[PDB]
Amino acid sequence: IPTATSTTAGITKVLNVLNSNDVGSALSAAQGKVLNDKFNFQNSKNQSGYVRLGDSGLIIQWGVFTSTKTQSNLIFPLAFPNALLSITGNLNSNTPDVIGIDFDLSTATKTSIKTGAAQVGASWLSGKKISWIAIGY
Amino acid sequence: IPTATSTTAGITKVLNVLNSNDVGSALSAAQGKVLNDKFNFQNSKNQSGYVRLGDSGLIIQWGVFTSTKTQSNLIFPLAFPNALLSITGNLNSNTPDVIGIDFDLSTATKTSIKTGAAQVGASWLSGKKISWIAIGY
Amino acid sequence: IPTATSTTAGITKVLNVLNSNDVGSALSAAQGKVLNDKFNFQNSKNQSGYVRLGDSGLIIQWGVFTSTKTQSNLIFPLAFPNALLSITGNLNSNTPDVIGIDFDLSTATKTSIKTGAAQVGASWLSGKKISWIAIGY
Ligand SMILES: [Br-]
Ligand SMILES: [Br-]
Ligand SMILES: [Br-]
Ligand SMILES: [Br-]
Ligand SMILES: [Br-]
Ligand SMILES: [Br-]
Ligand SMILES: [Br-]
Ligand SMILES: [Br-]
Ligand SMILES: [Br-]
Ligand SMILES: [Br-]
Ligand SMILES: [Br-]
Ligand SMILES: [Br-]
Ligand SMILES: [Br-]
Ligand SMILES: [Br-]
Ligand SMILES: [Br-]
Ligand SMILES: [Br-]
Ligand SMILES: [Br-]
Ligand SMILES: [Br-]
Ligand SMILES: [Br-]
Ligand SMILES: [Br-]
Ligand SMILES: [Br-]
Ligand SMILES: [Br-]
Ligand SMILES: [Br-]
Ligand SMILES: [Br-]
Ligand SMILES: [Br-]
Ligand SMILES: [Br-]
Ligand SMILES: [Br-]
Ligand SMILES: [Br-]
Ligand SMILES: [Br-]
Ligand SMILES: [Br-]
Ligand SMILES: [Br-]
Ligand SMILES: [Br-]
Ligand SMILES: [Br-]
Ligand SMILES: [Br-]
Ligand SMILES: [Br-]
Ligand SMILES: [Br-]
Ligand SMILES: [Br-]
Ligand SMILES: [Br-]
Ligand SMILES: [Br-]
Ligand SMILES: [Br-]
Ligand SMILES: [Br-]
Ligand SMILES: [Br-]
Ligand SMILES: [Br-]
Ligand SMILES: [Br-]
Ligand SMILES: [Br-]
Ligand SMILES: [Br-]
Ligand SMILES: [Br-]
Ligand SMILES: [Br-]
Ligand SMILES: [Br-]
Ligand SMILES: [Br-]
Ligand SMILES: [Br-]
Ligand SMILES: [Br-]
Ligand SMILES: [Br-]
Ligand SMILES: [Br-]
Ligand SMILES: [Br-]
Ligand SMILES: [Br-]
Ligand SMILES: [Br-]
Ligand SMILES: [Br-]
Ligand SMILES: [Br-]
Ligand SMILES: [Br-]
Ligand code: NA
Ligand code: NA
Ligand code: NA
Ligand code: NA
Ligand code: NA
Ligand code: NA
Ligand code: NA
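How each quantity is defined
- As presented, residues are numbered from 1 along each chain according to the written sequence, a scheme that may differ from that of the entry, and residues lacking coordinates are left out.
- Going through the entries in the order they are written, you letter the chains from A and number the ligands from 1.
- To obtain the side-chain values, all non-hydrogen atoms of the structure were included, while hydrogens and water were left out.
- In this analysis, two residues are considered to be in contact whenever any of their non-hydrogen atoms come within 4.5 Å of each other.
- The term buried area means the drop in 1.4 Å probe accessible area that two parts suffer when joined, counted for both and summed.
- Each salt bridge in this description consists of a side-chain nitrogen of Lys or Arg and a carboxyl oxygen of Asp or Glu lying within 4 Å of one another.
- Distance and chemistry together define a polar contact, namely a pair of N or O atoms within 3.5 Å, with one atom able to donate a hydrogen and the other to accept it when in protein, and with adjacent residues in sequence counting only for side-chain atoms on both sides.
- In this text, helices come from DSSP runs of H or I with a minimum length of four residues, and strands from runs of E with a minimum of two, each type numbered from the N-terminal end.
- For this scheme, ten residues count as nonpolar: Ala, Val, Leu, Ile, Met, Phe, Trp, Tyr, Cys and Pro. Four count as charged, namely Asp, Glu, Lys and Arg, and the remainder, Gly too, count as polar.
- All copies share one frame, set by a least-squares fit on their C-alpha atoms.
- Two rings from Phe, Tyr or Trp (for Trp, the six-membered ring) form a pair when their centres sit within 6.5 Å of each other. Planes less than 30 degrees apart are called stacked, planes more than 60 degrees apart edge-to-face, and all others tilted.
- For each residue, the accessible area found with a 1.4 Å probe, counting protein chains only, is set against the maximum for its type, and the residue is called buried under 20%, exposed over 50%, and partly exposed in between.
- Look at NZ for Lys and CZ for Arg. If either is within 6 Å of the ring centre and within 35 degrees of the ring normal, a charge sits over the ring.
- Donor atoms (N, O, S) are those found within 2.8 Å of the metal centre, with the cutoff raised to 3.2 Å for Na, K and Ca; water is not part of the atom list, so apparent gaps in a site can occur.
- Pairs of strands are assigned from DSSP output, requiring at least two bridges between the strands.

Its PDB header attributes the entry to X-ray crystallography and lists the resolution as 1.368 Å.

What follows is the structure, encoded as structure tokens:
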């Protein structure tokens with residue numbers, strides 16, 4: 001009975017893993033399904049949420065933070081396994097305000113970063129809504 | 001004639017779908033191609049464009065918006081099926097201007113968000129270019 | 001000896017490529033591994049780094065830029081093969097400063113973009129840390 005190859009039909013094993021480099025055995029249909037399902041990256045669609053970028057390790061997070069009277073903790077939807085790498089954010093308003101959205105990246109932790117809404121000339125402002133986007137791993 | 005398994009070469013079905021959990025039949029080469037092609041996530045490379053993050057549902061969008069004399073509609077390259085979740089943006093300039101890039105997230109729709117360029121002390125400014133990045137689903 | 005199909009077990013070829021649309025031959029286990037490994041998108045976890053969004057062509061980059069006395073070059077971690085499409089960024093501080101994070105997108109190149117930290121009323125400020133996020137291809 002012939003052995004299966006690229007050029008000749010024959011008998012073959014069917015392997016049910018994604019870490020075999022055997023060029024001469026078939027992948028199972030089940031592992032095709034596992035691979036397809038992996039495109040549905042782990043995520044949360046919450047107001048403040050996250051999405052894992054495949055198996056790269058990178059995680060994008062986002063949310064709406066409400067400022068307080070000091071530069072205070074913005075708590076990530078998902079703790080970063082390693083670190084926040086970068087973050088950006090903007091005022092959410094229906095009035096023409098110029099507010100400094102300032103992040104203390106130098107003291108960020110795996111779970112939070114100090115975030116504030118600065119007034120021109122003055123100190124931190126409370127009650128400002130800030131939409132932010134971050135990446136880390 | 002032996003039946004194919006992980007340990008014994010034999011005869012097998014070849015399944016041409018990505019939603020079978022059959023561990024004992026082969027996936028077709030054709031579905032390997034479908035899976036490979038799925039890494040080319042749906043997207044637009046336009047100045048204002050988007051990219052779908054696999055099958056997670058999340059969509060990143062970006063663009064260059066030109067401000068008007070009021071906080072006015074920034075129209076997303078792709079309508080969000082559900083909602084915009086977060087957005088950020090910056091002035092594009094070659095002069096040292098401080099302008100408040102302000103988004104009315106509270107009244108965003110699936111197709112647009114009111115966006116303006118605020119002057120310190122005064123109202124909305126027209127003709128300012130704003131590069132933005134958003135995520136939603 | 002029966003030929004493998006979706007409905008009948010039989011003999012089959014085993015193909016070791018990801019660009020065959022043959023519905024009647026098996027994909028190799030090895031190509032299942034290649035596909036799985038493709039979820040680990042090419043990236044750098046450096047302070048200023050990047051991640052490729054699968055095979056879509058889109059690349060997200062991020063970093064921490066230090067401003068100088070003029071609007072000066074922010075050098076991307078990875079040269080864009082085509083162009084930067086959008087960029088955002090924020091001051092990193094522990095003090096309530098309002099600084100204009102301004103990008104000259106109109107003169108960006110594949111390798112850099114002129115970036116500055118503007119003072120209200122005055123010119124560019126040196127020594128300001130800016131965390132940024134970009135997308136392009
Ligand atoms: Br054949
Ligand atoms: Br197995
Ligand atoms: Br596995
Ligand atoms: Br391996
Ligand atoms: Br290998
Ligand atoms: Br290997
Ligand atoms: Br290996
Ligand atoms: Br994932
Ligand atoms: Br939430
Ligand atoms: Br809220
Ligand atoms: Br408070
Ligand atoms: Br706090
Ligand atoms: Br807290
Ligand atoms: Br967590
Ligand atoms: Br103002
Ligand atoms: Br900092
Ligand atoms: Br730590
Ligand atoms: Br920590
Ligand atoms: Br630590
Ligand atoms: Br206040
Ligand atoms: Br074998
Ligand atoms: Br079929
Ligand atoms: Br299917
Ligand atoms: Br299913
Ligand atoms: Br299942
Ligand atoms: Br299932
Ligand atoms: Br099922
Ligand atoms: Br897609
Ligand atoms: Br466009
Ligand atoms: Br334009
Ligand atoms: Br106008
Ligand atoms: Br409008
Ligand atoms: Br409109
Ligand atoms: Br649309
Ligand atoms: Br100014
Ligand atoms: Br709002
Ligand atoms: Br709605
Ligand atoms: Br709507
Ligand atoms: Br609705
Ligand atoms: Br104006
Ligand atoms: Br069978
Ligand atoms: Br081959
Ligand atoms: Br190939
Ligand atoms: Br092809
Ligand atoms: Br085809
Ligand atoms: Br084809
Ligand atoms: Br083809
Ligand atoms: Br990649
Ligand atoms: Br770096
Ligand atoms: Br630094
Ligand atoms: Br300098
Ligand atoms: Br320079
Ligand atoms: Br340079
Ligand atoms: Br490079
Ligand atoms: Br200030
Ligand atoms: Br510009
Ligand atoms: Br060029
Ligand atoms: Br260039
Ligand atoms: Br060029
Ligand atoms: Br200075
Ligand atoms: Na042969
Ligand atoms: Na074989
Ligand atoms: Na900003
Ligand atoms: Na066996
Ligand atoms: Na079998
Ligand atoms: Na049959
Ligand atoms: Na066949």
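Participant: With reference to specific residues and values, describe the interface of chain A and chain B.
Facilitator: Each partner contributes residues to the interface: chain A has 44 residues there, and chain B has 56 residues. Together, the buried faces of chain A and chain B total about 3700 Å²; carbon and sulfur atoms form 67% of this surface. The tally of links between chain A and chain B comes to zero salt bridges. At the surface where chain A touches chain B, the tally comes to 18 residue pairs in polar contact. Broken down by secondary-structure element, the contributors of at least two residues to the side of chain A that touches chain B are β1 (14–15), β2 (26–27), α1 (29–38), β5 (59–66), β7 (84–92) and β10 (129–136) of chain A. Per-element tally for the side of chain A that touches chain B: the top contributor is α1(A), with six residues. Looking at side-chain class alone, the side of chain A that touches chain B contains 22 nonpolar, 18 polar and four charged residues.

Participant: Please give an account of the relation of the copies chain A and chain B that cites residues and values.
Facilitator: With an RMSD of 0.0 Å, the fit of chain A onto chain B corresponds to turning through 120° and sliding 0.0 Å along the axis. Between the two chains, the operation in question is that of a three-fold axis.

Participant: An account of the packing of aromatic side chains is requested, with residue identities and associated values reported.
Facilitator: Inspection of the entire model under this criterion finds 12 aromatic pairs over all chains. Between B:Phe41 and C:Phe41 the ring centres are 6.1 Å apart and the planes differ by 75°, which places this aromatic pair in the edge-to-face class. You can see B:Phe41 sitting in the loop between α1 (29–38) and β3 (43–44) and its partner C:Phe41 sitting in the loop between α1 (29–38) and β3 (43–44), one on each of two chains. Residue B:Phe41 shares its accessibility class with C:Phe41, and that shared class is buried. Centroid distance B:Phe76 to B:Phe80: 4.9 Å. Interplanar angle 70°. Geometry classified as edge-to-face. By way of ring pairs, the aromatic residues A:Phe39, B:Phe39 and C:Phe39 are connected into one cluster. A cation over a ring is seen here: A:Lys45 above B:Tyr137, with NZ or CZ 5.4 Å from the ring centre.

Participant: Explain the coordination of the sodium ion (ligand 64) to me, using residue names and the numbers behind them.
Facilitator: Bound to the sodium ion (ligand 64) on the protein side are B:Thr7 (OG1) and B:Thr8 (OG1), at distances that span 2.4 Å. Residue B:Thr7 is classed as exposed on the basis of its relative accessible area, which comes to 65%.

Participant: Outline the pairing of β7(A), listing residues and values.
Facilitator: Residue and element names in this part refer to chain A. Burial runs high along β7: nine of the nine residues are buried. As paired elements, β7 and β10 share eight bridges and run antiparallel to each other. Of the residues in β10, the one forming a bridge with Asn92 is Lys129.

Participant: For the side chain of B:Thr88, give the residues involved together with the corresponding values.
Facilitator: You can see B:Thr88 is positioned in strand β7 (residues 84–92). Relative accessible area serves as the criterion here: at 1%, B:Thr88 is assigned to the buried category. Beyond its immediate chain neighbours, meaning those up to four positions away, B:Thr88 contacts A:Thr88, A:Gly89, A:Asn90, A:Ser131, A:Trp132, A:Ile133, B:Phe103, B:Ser131, B:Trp132, B:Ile133 and C:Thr88.

Participant: Go over the pairing of β5(A), please, and point to the residues and values.
Facilitator: Residues and elements named next belong to chain A. Of all eight residues in β5, seven are buried, a share of seventy percent or more. For strand β4 (residues 49–52) and β5, the ladder comprises four bridges, and the chain directions are antiparallel. Within β5, the residue paired with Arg52 across the bridge is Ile59. Here β4 folds back onto β5, and the loop between the two strands holds six residues, one of which, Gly54, carries a positive phi near 55°.

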